[PDB]
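For reference, the structure is listed below as structure tokens.
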Amino acid sequence: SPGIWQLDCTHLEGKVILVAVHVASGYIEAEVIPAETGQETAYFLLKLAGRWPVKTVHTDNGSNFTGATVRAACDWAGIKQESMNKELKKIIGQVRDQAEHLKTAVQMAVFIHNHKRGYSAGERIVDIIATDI
Amino acid sequence: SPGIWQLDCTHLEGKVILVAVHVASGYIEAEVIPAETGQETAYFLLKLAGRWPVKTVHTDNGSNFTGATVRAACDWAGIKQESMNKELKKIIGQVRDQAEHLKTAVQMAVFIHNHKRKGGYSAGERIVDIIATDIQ
Ligand SMILES: Cc1c(CO)cnn1-c1ccc(F)cc1
Ligand SMILES: Cc1c(CO)cnn1-c1ccc(F)cc1
Ligand SMILES: [Cl-]
Ligand SMILES: [Cl-]
């Protein structure tokens, strides 16, 4: 469905990246976060939920989801907790050299993934949500 | 254009917030950034451009836009360089005491601003409708 996202973590250069995939489109939002903690996870989810209609998020149900913080953020935002990601690392690989900081490379990779084309993932998410509306 | 954004800075609690407004819809993306520098501005603009189809930005043309970095990032992403602050601040003010960290309060405020229905469509619904229409 249109409001359904998957949230996973992935690790590079000793750092933690959260990757959110909009399941129907393949569109991705990803960011390096300071640590894999409830507080940083909640922050990431709140950010995502303000930008797209997030109804449900499928997660790995690990340690950073057992605490009060993520529960509180999902409650507040009205979110239920109920192939793109190796590719993301591959693109980061292709572009790593052009950026000093991993965080920059991550955002270049997100850009490339979402714009690649007859439809890009970015066009697909928009069409799907507009149709739902 | 569907692809036109305005980028402004605003300041609270000794911290810098960049606010991007999609002009046709009133949809906002905003984040606290470490400092108002070319490098952090470039980073913010690359993030935005990967999430929405950014063709042109209108900025204040100040110091963080004179350097090689923002110019290089905009080149790369194919971006041309050619009320909210207050409203967003008001919502932040309203929620500030519910979050420890300003950064959290900012993202709650963005959520509220983008979902608010004054009657009706929210800004979030409008941006999606406008861009979907343009695509078709
Ligand atoms: C701007 C662009 C390209 C080429 O830059 C490929 N997909 N998109 C895109 C991405 C997201 C949209 F909402 C609409 C279009
Ligand atoms: C989920 C929601 C609300 C709350 O019902 C208000 N606007 N939106 C919204 C925001 C962005 C969209 F693309 C679609 C809908
Ligand atoms: Cl995780
Ligand atoms: Cl600025």
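FYI, nothing fancy with the structure tokens labels: chains A, B, ... in order, residues from 1 per chain, ligands from 1 as they appear.
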Per residue of chain B within 10 Å of ligand 4, which atom pair is closest and at what distance in Å (one decimal), using only C-alpha atoms and all ligand atoms, listed by chain and increasing number, as a tab-separated table?
residue	atom	partner	partner_atom_place_in_ligand_line	distance
B:7	CA	ligand 4	1 (Cl)	6.6
B:8	CA	ligand 4	1 (Cl)	4.9
B:9	CA	ligand 4	1 (Cl)	4.4
B:10	CA	ligand 4	1 (Cl)	7.9
B:16	CA	ligand 4	1 (Cl)	9.0
B:17	CA	ligand 4	1 (Cl)	8.6
B:18	CA	ligand 4	1 (Cl)	6.5
B:19	CA	ligand 4	1 (Cl)	8.5
B:20	CA	ligand 4	1 (Cl)	9.8
B:36	CA	ligand 4	1 (Cl)	6.6
B:37	CA	ligand 4	1 (Cl)	8.5
B:38	CA	ligand 4	1 (Cl)	9.2
B:41	CA	ligand 4	1 (Cl)	7.3
B:59	CA	ligand 4	1 (Cl)	6.8
B:60	CA	ligand 4	1 (Cl)	6.2
B:61	CA	ligand 4	1 (Cl)	7.6
B:62	CA	ligand 4	1 (Cl)	6.8
B:63	CA	ligand 4	1 (Cl)	8.2
B:64	CA	ligand 4	1 (Cl)	6.6
B:65	CA	ligand 4	1 (Cl)	7.9
Just to be explicit: take each residue in the selection above, keep C-alpha atoms, and write the result as an mmCIF file, in the first residue's frame.
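Once written, out.cif looks like this:
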data_model
loop_
_atom_site.group_PDB
_atom_site.id
_atom_site.type_symbol
_atom_site.label_atom_id
_atom_site.label_comp_id
_atom_site.auth_asym_id
_atom_site.auth_seq_id
_atom_site.Cartn_x
_atom_site.Cartn_y
_atom_site.Cartn_z
ATOM 1 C CA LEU B 7 16.073 28.361 0.488
ATOM 2 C CA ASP B 8 16.423 30.611 3.500
ATOM 3 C CA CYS B 9 18.193 30.485 6.828
ATOM 4 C CA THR B 10 16.725 31.230 10.230
ATOM 5 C CA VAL B 16 21.244 27.587 12.266
ATOM 6 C CA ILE B 17 18.212 26.136 10.452
ATOM 7 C CA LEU B 18 17.917 25.902 6.683
ATOM 8 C CA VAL B 19 14.357 26.050 5.380
ATOM 9 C CA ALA B 20 13.497 25.039 1.829
ATOM 10 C CA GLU B 36 26.101 28.247 7.798
ATOM 11 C CA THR B 37 28.921 27.196 5.486
ATOM 12 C CA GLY B 38 29.194 26.272 1.842
ATOM 13 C CA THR B 41 24.636 24.175 2.476
ATOM 14 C CA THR B 59 18.578 31.814 -2.215
ATOM 15 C CA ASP B 60 19.741 34.893 -0.315
ATOM 16 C CA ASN B 61 22.962 34.806 -2.309
ATOM 17 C CA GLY B 62 25.107 35.327 0.794
ATOM 18 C CA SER B 63 28.492 34.038 1.823
ATOM 19 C CA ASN B 64 27.675 30.363 1.872
ATOM 20 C CA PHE B 65 26.793 30.589 -1.852
#
Inset, instruction - Kindly provide, as an MDAnalysis selection string, all nucleotide and amino acid residues lying within 10 Å of ligand 1, counting only C-alpha atoms and all ligand atoms. - result: (chainID A and resid 27 111:127) or (chainID B and resid 2:3 49:55 77:79 127:132 134:135)
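With the cut-off set to 9 Å and only C-alpha atoms and all ligand atoms counted, the residues surrounding ligand 3 are residues 7, 8, 9, 10, 16, 17, 18, 19, 36, 37, 41, 59, 60, 61, 62, 63, 64 and 65 of chain A.
With only C-alpha atoms as the atoms that count, the minimum distance from chain A to the choices B:94, B:1, B:39, B:56 is reached by B:39.
We find atom CA of residue A:45 and atom CA of residue B:122 to be spaced 19.7 Å apart.
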Inset, instruction - Enumerate residues in contact with ligand 2: an atom-to-atom distance of at most 6 Å, counting only C-alpha atoms and all ligand atoms. Format the result as an MDAnalysis selection string. - result: (chainID A and resid 52:53 129) or (chainID B and resid 115:116 122 124:125 128)
Store the residues picked out above, limited to N, CA, C and O atoms, as a compact mmCIF listing (two decimals), in the first residue's frame.
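result-v1.txt written:
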# COMPACT_ATOMS: atom_id res chain seq x y z
N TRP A 52 6.69 12.52 3.78
CA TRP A 52 5.84 11.56 3.06
C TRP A 52 4.78 10.99 4.00
O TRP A 52 5.00 10.95 5.19
N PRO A 53 3.63 10.55 3.46
CA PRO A 53 2.58 9.94 4.28
C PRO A 53 2.94 8.56 4.77
O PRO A 53 2.63 7.59 4.08
N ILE A 129 1.28 8.08 -4.72
CA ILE A 129 0.66 8.83 -3.65
C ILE A 129 -0.40 9.77 -4.21
O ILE A 129 -1.42 9.94 -3.61
N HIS B 115 1.33 18.71 7.14
CA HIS B 115 0.10 17.92 7.25
C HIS B 115 -1.13 18.74 7.55
O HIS B 115 -2.24 18.23 7.46
N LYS B 116 -0.96 19.99 7.94
CA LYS B 116 -2.07 20.82 8.39
C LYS B 116 -3.03 21.02 7.22
O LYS B 116 -2.62 21.29 6.14
N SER B 122 -3.50 19.61 2.39
CA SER B 122 -2.27 19.98 3.07
C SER B 122 -1.18 20.31 2.04
O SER B 122 -1.26 19.93 0.87
N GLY B 124 1.60 18.95 1.91
CA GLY B 124 2.17 17.69 1.47
C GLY B 124 1.37 17.10 0.35
O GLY B 124 1.91 16.51 -0.56
N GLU B 125 0.05 17.20 0.43
CA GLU B 125 -0.77 16.71 -0.66
C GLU B 125 -0.58 17.57 -1.90
O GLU B 125 -0.50 17.05 -3.02
N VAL B 128 2.69 16.86 -3.97
CA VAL B 128 2.63 15.59 -4.68
C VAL B 128 1.71 15.72 -5.91
O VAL B 128 2.05 15.26 -6.99
Output as a compact mmCIF listing (two decimals) with C-alpha atoms, in the first residue's frame the set of chain A residues within 7 Å of chain B, with distances taken over only C-alpha atoms.
# COMPACT_ATOMS: atom_id res chain seq x y z
CA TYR A 43 14.44 11.42 14.91
CA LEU A 46 9.91 11.82 12.47
CA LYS A 47 11.81 13.44 9.69
CA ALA A 49 6.92 11.15 8.37
CA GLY A 50 6.90 14.92 7.84
CA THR A 104 27.93 13.32 1.11
CA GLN A 107 23.24 11.58 -0.45
CA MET A 108 24.73 11.40 -3.96
CA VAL A 110 20.25 8.40 -2.89
CA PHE A 111 19.96 11.01 -5.68
CA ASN A 114 15.88 7.82 -7.05
CA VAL A 126 4.76 10.67 -6.46
CA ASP A 127 2.36 9.04 -8.97
CA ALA A 130 -1.11 11.31 -5.92
Legend entry - Those in stretch 6-60 of chain A with strand (DSSP E or B) from DSSP, as JSON, numbers by chain: {"A": [6, 7, 8, 9, 10, 11, 12, 15, 16, 17, 18, 19, 20, 21, 22, 27, 28, 29, 30, 31, 32, 33, 56, 57, 58]}
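Atom to atom, atom CA of residue B:101 and atom CA of residue A:39 stand 10.5 Å apart.
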Determine which residues of stretch 8-64 of chain B DSSP labels as helix (DSSP H, G or I) from the backbone of this structure, then write them out as a compact mmCIF listing (two decimals) with N, CA and C atoms, in the first residue's frame.
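Output contents, as saved in states-v8.txt:
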# COMPACT_ATOMS: atom_id res chain seq x y z
N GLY B 38 29.42 26.85 3.15
CA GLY B 38 29.19 26.27 1.84
C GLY B 38 29.05 24.76 1.92
N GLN B 39 29.91 24.10 2.68
CA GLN B 39 29.88 22.64 2.73
C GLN B 39 28.53 22.11 3.27
N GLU B 40 28.05 22.71 4.34
CA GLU B 40 26.80 22.23 4.94
C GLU B 40 25.61 22.62 4.06
N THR B 41 25.69 23.76 3.40
CA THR B 41 24.64 24.18 2.48
C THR B 41 24.55 23.25 1.26
N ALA B 42 25.71 22.93 0.69
CA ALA B 42 25.77 21.96 -0.39
C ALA B 42 25.15 20.65 -0.01
N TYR B 43 25.48 20.20 1.20
CA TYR B 43 24.97 18.92 1.69
C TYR B 43 23.47 18.94 1.77
N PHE B 44 22.93 20.00 2.36
CA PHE B 44 21.49 20.15 2.47
C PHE B 44 20.80 20.13 1.08
N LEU B 45 21.40 20.84 0.12
CA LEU B 45 20.83 20.95 -1.23
C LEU B 45 20.88 19.60 -1.97
N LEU B 46 21.94 18.84 -1.78
CA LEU B 46 22.01 17.49 -2.37
C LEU B 46 20.96 16.56 -1.79
N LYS B 47 20.77 16.63 -0.48
CA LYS B 47 19.70 15.87 0.15
C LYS B 47 18.34 16.19 -0.42
N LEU B 48 18.05 17.48 -0.54
CA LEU B 48 16.77 17.91 -1.07
C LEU B 48 16.57 17.43 -2.52
N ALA B 49 17.61 17.60 -3.33
CA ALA B 49 17.53 17.26 -4.75
C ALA B 49 17.36 15.77 -5.02
N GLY B 50 17.79 14.92 -4.11
CA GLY B 50 17.54 13.50 -4.24
C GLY B 50 16.15 13.04 -3.88
N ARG B 51 15.39 13.92 -3.22
CA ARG B 51 14.09 13.56 -2.68
C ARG B 51 12.96 14.16 -3.52
N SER B 63 27.13 34.52 1.80
CA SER B 63 28.49 34.04 1.82
C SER B 63 28.60 32.55 1.58
N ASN B 64 27.59 31.81 1.99
CA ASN B 64 27.68 30.36 1.87
C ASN B 64 27.36 29.91 0.45
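Comparing the minimum interatomic distances between residue B:88 and each of B:120, B:67, B:26, B:34, counting only C-alpha atoms, we find that B:26 sits nearest.
Comparing A:106, A:35, A:20, A:54 by their smallest distance to residue A:88, the closest is A:106 (using only C-alpha atoms).
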